[PDB]
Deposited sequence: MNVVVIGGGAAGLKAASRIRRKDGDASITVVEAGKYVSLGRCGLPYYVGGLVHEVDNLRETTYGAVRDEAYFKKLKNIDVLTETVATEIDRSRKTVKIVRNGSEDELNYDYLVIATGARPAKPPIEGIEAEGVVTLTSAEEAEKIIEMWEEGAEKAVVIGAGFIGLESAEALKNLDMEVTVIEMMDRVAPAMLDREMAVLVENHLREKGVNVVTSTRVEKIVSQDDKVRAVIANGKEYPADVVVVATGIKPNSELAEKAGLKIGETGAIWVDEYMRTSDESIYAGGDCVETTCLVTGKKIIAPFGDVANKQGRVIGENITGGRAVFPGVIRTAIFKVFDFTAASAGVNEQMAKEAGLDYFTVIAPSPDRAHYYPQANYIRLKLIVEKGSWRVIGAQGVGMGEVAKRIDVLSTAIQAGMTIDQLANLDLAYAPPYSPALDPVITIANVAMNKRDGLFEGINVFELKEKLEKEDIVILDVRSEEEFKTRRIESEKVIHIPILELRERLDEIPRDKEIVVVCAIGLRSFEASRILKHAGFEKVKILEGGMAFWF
């Protein structure tokens, strides 16, 4: 048969490659609009930053010849598909300025997504870019070659912050302007995003939240951006404020657009027309924790979908049930990562939930280069199914979020979580993995064992520092009694007042809280996270 696919990225070409494997004499035409094809855009930041030496490192082991000689896939570069005709099973295209028509039996719509442009003045001014194409990344390189030293990023998304770091590695002053309460809003709660935020500031990236941008001042077509009513010079601006899926070829063909604005498909990835599969960044998908439909615009999602499309055109049955939003990005020295549902979207899903956060050693506390990762876990009440997890930190958080991610897709309970046999040795984890121990911490709050509160809760009431050595401390109703000294002292403690137990990262806070309870104290609050989030 002949298959025509509209794309050129992860989705398009993986779909193409799998159909080639299943059928060796199907006719596969991939229609692409740009010069480059199969480019590893999921790296462009690390190219700007210098980790990657040249852009062709993100297409390697890859021109049209590669796809011809290897897979016998005919890829037409710099050709636009301008209309789909489902009645004649045709795709009209433009090439060399002379139009033509491709006839298909199966068709892949894999058109990706474009950067959403905030409707504001000066957006098209020179020096305002997006990190969507090789070309735009390079332009950032030429303006730094030409004397650019100040940068504004709009948006603390993972693309935003990675272009923040990429740009600071160019020795530019970076300021990031975020619309929301905290940095990385899709992935994190305030509670946690504080950390990331302060790490950025500590690396010379300035970060301002809960502000829009009003205008982009341009001189001779340059820049400076008006925050709240402030100005932030800028020789470049990268706009990273979300995406908008390239679905209009699909809508103008009668294909069904779901409430995200993106092409609706089913589990099989077929679109409304049976002959017409679509997948990747242009397509809607289901959040399997809540079942709401969303756009999960990631590269792993794209390969997974594009393969299921490939398999189906070839006659098989394969499903892509949905996603859970497990994302991860890398900041200077911190990792941040998210799985399942966070507090805002757990709220908008109507789920009754409870929250617990417990940081833990990376590897054996005594082994060299052990770090403290900070995990927050969101558990659904009654069922006790775990519905979200998030992590930020200095050392190895990615593994904990991968395990908690597959735990959440398993619908595991904090009960069956706590006894998950994990791979432990002193260089890899402590005896009970951070994921284990926060399972236990969830059940100590659930079982009402301890009553627990976060750090935003500032009401300054007595705070007890069950610590022991102050090099970093808080100023003050601060009474200090070492945990080891507590069984004995305990006299200072007053009672009849709210005492909020506070240790270094909350372990000893727990072990005190229960000590006080035995004592007879009525109000004891343990500070989740501990001095881990005090800053």
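Stretches of the deposited sequence left without coordinates are 62-66, 233, 467-472, 489-492, in sequence order.
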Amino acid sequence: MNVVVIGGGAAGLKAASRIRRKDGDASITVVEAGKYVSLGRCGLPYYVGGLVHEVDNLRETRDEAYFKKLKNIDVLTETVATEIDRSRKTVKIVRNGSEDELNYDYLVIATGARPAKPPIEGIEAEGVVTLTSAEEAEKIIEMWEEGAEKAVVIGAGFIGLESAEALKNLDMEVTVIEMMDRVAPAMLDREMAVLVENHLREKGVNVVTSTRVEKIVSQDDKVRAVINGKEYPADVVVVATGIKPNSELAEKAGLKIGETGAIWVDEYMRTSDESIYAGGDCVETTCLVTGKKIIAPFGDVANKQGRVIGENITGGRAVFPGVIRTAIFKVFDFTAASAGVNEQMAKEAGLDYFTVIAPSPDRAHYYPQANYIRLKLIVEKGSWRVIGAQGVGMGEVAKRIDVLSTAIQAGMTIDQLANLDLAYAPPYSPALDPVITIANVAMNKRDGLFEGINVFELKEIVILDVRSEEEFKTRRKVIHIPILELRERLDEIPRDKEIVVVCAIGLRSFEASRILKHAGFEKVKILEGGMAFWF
From here on, numbers count along this sequence of modelled residues.
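Of the two segments examined, 493-501 and 39-47, it is 493-501 that shows the higher average Cα temperature factor in the deposited entry. Mean CA temperature factor is higher for 461-469 when stretches 181-189 and 461-469 are set side by side in the entry. The entry lists C-alpha B-factors for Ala302, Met172, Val194, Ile438, and the highest of these is at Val194. In the PDB entry, the Cα temperature factor peaks, among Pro368, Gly316, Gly411, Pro115, at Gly316.
When all modelled residues of the chain are sorted by CA temperature factor, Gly506 is found within the lowest third.
The entry lists a Cα temperature factor for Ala10 that places it in the lowest third of the chain's modelled residues. Annotation for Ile243: CA B-factor lies in the middle third of the chain's modelled residues. Among all modelled residues in its chain, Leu58 ranks in the middle third by Cα B-factor. Sort the modelled residues of the chain by CA B factor and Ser338 lands in the lowest third.
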